[PDB]
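Listed next as structure tokens is one chain, alone, in the form deposited in one PDB entry.
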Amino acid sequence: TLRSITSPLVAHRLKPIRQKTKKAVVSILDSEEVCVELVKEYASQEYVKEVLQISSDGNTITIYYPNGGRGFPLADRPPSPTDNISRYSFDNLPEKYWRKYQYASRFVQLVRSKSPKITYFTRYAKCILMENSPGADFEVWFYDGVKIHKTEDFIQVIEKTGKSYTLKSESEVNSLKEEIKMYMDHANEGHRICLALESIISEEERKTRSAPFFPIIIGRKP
């Protein structure tokens, strides 16, 4: 199981984004495709030696080399492929290009972690369930100042002013700041609701044909 380094990326529902790095330009396009551009520069003029295009489900990867290796002066929006392309499915992807694509796979998993899937306004706070499921991040916005970030492990807490604390497990510090304990207990409720709503709405979306059921915005600003 060589593929178990990472599961194929999922760029669905995500808005277009572009992240430039010293050696790569990761870009989510409209049509929800991910582009890894191996960059390089001569005399302060950047260009692209290599380009990787990946489907929105991460199963198919297209590899081509712009200008036949001569490369093309850096553009903000990645160039179209020629007739000269090489393409692979996810499994039978050659041994190389694994620093690449995975590089994108971890970039997509990050944009998902900041992309709101479900927004729930309460009488108190504003709950947000991110798109990076299974480990879907949960942010809670009380406008009084407090905040909670549920995630893989570190449930984070923010005092109302620019103040802050932290937390790891679910046996001890869940019994701390009890006058503030009412927030974790409150957030876990909203987390339970936003998870239940994702579940039941996803099933109705699975039955039928039409437009995506996500993201959604529940309730109004108080």
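Numbering starts at 1 and follows the sequence shown. Take the two forms, superpose them, and find the largest set of C-alpha atoms that agree within 1.5 Å; that set is the rigid core.
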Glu139 dropped in a third or more of the other entries: no
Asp91 not built in a third or more of the other entries: no
Mean Cα B-factor comparison, 31 to 39 or 151 to 159, giving the higher one as deposited: 151 to 159
Segment of higher mean CA temperature factor, 91 to 99 or 104 to 112: 91 to 99
Chain-wide C-alpha B factor ranking for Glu131, given as lowest, middle or highest third: lowest
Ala196 by Cα B-factor - lowest, middle or highest third of the modelled chain: lowest
CA B-factor placement of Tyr143, once the chain's modelled residues are sorted into thirds: highest
Cα B factor band for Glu50 (lowest, middle or highest third within the chain): middle
Chain thirds of CA B-factor: placement of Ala125: middle
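Another form exists, deposited in another entry; not displayed. Remarks below refer to it.
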Sole member of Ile63, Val173, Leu29, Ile158 with a C-alpha shift of at least 2 Å between the shown form and the other one (core-superposed): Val173
Core-aligned CA displacement of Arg209 at least 2 Å between the shown form and the other one: yes
